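Novice: below: the sequence, then the experimentally determined structure.
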Amino acid sequence: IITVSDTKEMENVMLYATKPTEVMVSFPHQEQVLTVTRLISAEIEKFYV
Amino acid sequence: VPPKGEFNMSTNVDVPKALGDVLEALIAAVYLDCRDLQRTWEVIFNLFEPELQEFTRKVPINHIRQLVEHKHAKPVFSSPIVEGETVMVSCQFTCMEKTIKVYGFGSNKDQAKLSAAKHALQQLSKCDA
Amino acid sequence: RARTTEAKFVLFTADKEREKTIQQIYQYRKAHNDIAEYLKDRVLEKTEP
Amino acid sequence: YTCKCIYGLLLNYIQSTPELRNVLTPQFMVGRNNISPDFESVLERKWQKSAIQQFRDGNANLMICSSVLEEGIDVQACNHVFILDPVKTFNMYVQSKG
Amino acid sequence: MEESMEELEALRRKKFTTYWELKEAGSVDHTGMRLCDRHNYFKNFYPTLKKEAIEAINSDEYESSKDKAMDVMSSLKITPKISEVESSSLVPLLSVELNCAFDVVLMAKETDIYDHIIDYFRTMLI
RNA sequence: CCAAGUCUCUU
RNA sequence: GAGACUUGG
């Protein structure tokens, strides 16, 4: 393998490639599920059997 | 009383196996000396009476199972994380409409998870009792 | 892929996996830096296996 | 531990003189019961390359060992050999000279 | 509502830091200085308290080495934990922990341990 | 009783 | 961990 190492080469390269600021959004997780999900379930298992 | 902090953390009070093994050894020795399973049962029950009485009115199922089967807990368990030789697991559970998170630690994944579930159960009981 | 200037990079993660995925991300940073150094500091006269 | 001690001393001196600053590259390695390589107490380090491979690769030019490299370990022909502690054994003398 | 990477990693390491501290009762790398320079902790310590402790250690108004020991401790705003250590010695072998952010722990026999810490601080304050 | 290194093998 | 081996003290 070969690659750029010189700082002049480094800064020449960042002209084209960028270090994007990267953040991390999270979300509250909930497990409560609605009845209709149970209904659709039951239907699909009936169909599977 | 445990101090106040930010993260509800817990670990496993390690139980040495030597204690249980030696108790079994004494039972075996008592039997062999007496050669009387009647006398052996007498001593065993004399030892076990409090726990036999207590367990009948409440059977302790596996702690993780207890937490899962609870009606109003609804536990959620994070993935394990390793830092050096400590393994971490965090439990997210709900009590009285307020969602409470507790953290457990252990030498490996299973122990950390069990400690987290145990701590959740302790907090849940403290809210129950 | 966020190659543009001042590009923004956003991660959607459930709360209960927040710590784990932070661990994984910083592991990735460590690995990347390790590749960079292993290529930079390394010197070889044969330059061919 | 004399290896690591004197290695640190050479590091200080190398970053103490102008004429030797950019010519000498001290590196030290010992046998089993491998003494810690760092002076930081951070449980893990980011540098991975090994000392013997460095010297073989020319990255390091100044080697601080203790009767480890004298036997077996292949190394490129070396310009100078300094036996800081007195010679004791004939066979070791022969091998260090070699 | 924006959620950056660095802070969450700081908290990630913070959690384990707290766990280590609790389980091992301190002794973690809590102090920020480099290990080789960490020794200078006690004089990077507040200069006002430093000169107060110099005056206290150079004082001779104390009836007992005990008196002077914990008077110096108070001047330094620290509360060492003193505990005994099992030993074969007829004289009880004592141990003291300074409880400060730098895990410094000593032992010495009851008679000299107070003199031992006195000398330790005659050295350390410098 | 002390060092060094080695080796099998423990963290 | 156990040690083992060589060399020397």
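Specialist: Arrived safely, thanks for sending. Numbers count the residues shown, from 1 in each chain, chains lettered A, B, ... in the order given.
Novice: count of residues packed around residue E:24?
Specialist: Using other C-beta atoms under 10 Å in any protein chain shown as the criterion, residue E:24 is surrounded by 10 other residues. C-beta here means a position set from N, CA and C on the backbone, and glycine is covered the same way.
Novice: got phi/psi on it?
Specialist: Reported as degrees, to the nearest 10, the phi and psi values for residue E:24 are phi -100, psi 10.
Novice: I'd like the distance between it and residue E:103.
Specialist: As judged by C-beta to C-beta, to the nearest Å, residue E:24 and residue E:103 stand 9 Å apart.
Novice: try residue C:22
Specialist: Going from residue C:22 to residue E:103 by C-beta to C-beta gives 28 Å.
Novice: which one's more surrounded, those two?
Specialist: residue C:22 (23 against 16).
Novice: name the SS class of that one, please.
Specialist: Applying DSSP: H, G, I helix; E, B strand; the rest coil to residue C:22 yields a three-state assignment of helix.
Novice: tell me who's in contact with it.
Specialist: Residue C:22 makes contact with A:24, E:5, E:8-9, E:12, according to C-beta atoms under 8 Å, 6 or more residues apart in numbering or on different chains.
Novice: relative to residue A:29, how far out is it?
Specialist: With the distance defined as C-beta to C-beta, residue C:22 ends up 16 Å from residue A:29.
Novice: related to what we said a few turns ago, inside helices: which ones of the contacts of residue C:22?
Specialist: The helices in this structure, assigned by DSSP state H, contain E:5, E:8-9, E:12 from these.
Novice: chain C: helices as residue ranges?
Specialist: All helices of chain C, identified by DSSP H, fall at C:18-41.
Novice: where does it get nearest to chain E, residue-wise?
Specialist: Of all residues in chain C, residue C:22 sits closest to chain E, at 4.9 Å by C-beta to the nearest C-beta.
Novice: alongside chain C, which residues does chain B contribute?
Specialist: B:76-81, B:88, B:90, B:92 (C-beta under 8 Å from any C-beta of the partner chain).
Novice: could you pick out which of the residues you listed are near chain E?
Specialist: B:81, B:88.
Novice: any quick ChimeraX command for the buried ones out of the residues of chain B next to chain C?
Specialist: The buried residues among those can be selected in ChimeraX (16 or more other C-beta atoms under 10 Å in any protein chain shown) with this line:
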select /B:76,77,78,80,81,88,90,92
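Novice: how is residue 44 assigned, secondary-structure-wise?
Specialist: All of this is about chain A. Three-state assignment for residue A:44 (three-state DSSP): helix.
Novice: think we crossed wires, I meant chain D
Specialist: Remark: residue D:44 carries the secondary structure label coil [criterion: three-state DSSP].
Novice: distance of the residue of chain A at minimum distance from chain B relative to residue B:75?
Specialist: Sorted by distance to chain B under C-beta to the nearest C-beta, the residues of chain A start with residue A:31, at 6.2 Å. From residue A:31 across to residue B:75, the span is 9 Å (C-beta to C-beta).
Novice: so those two - more neighbours on which side?
Specialist: It is residue B:75, of residue A:31 and residue B:75, that has more neighbours when counted by other C-beta under 10 Å, with 19 against 9.
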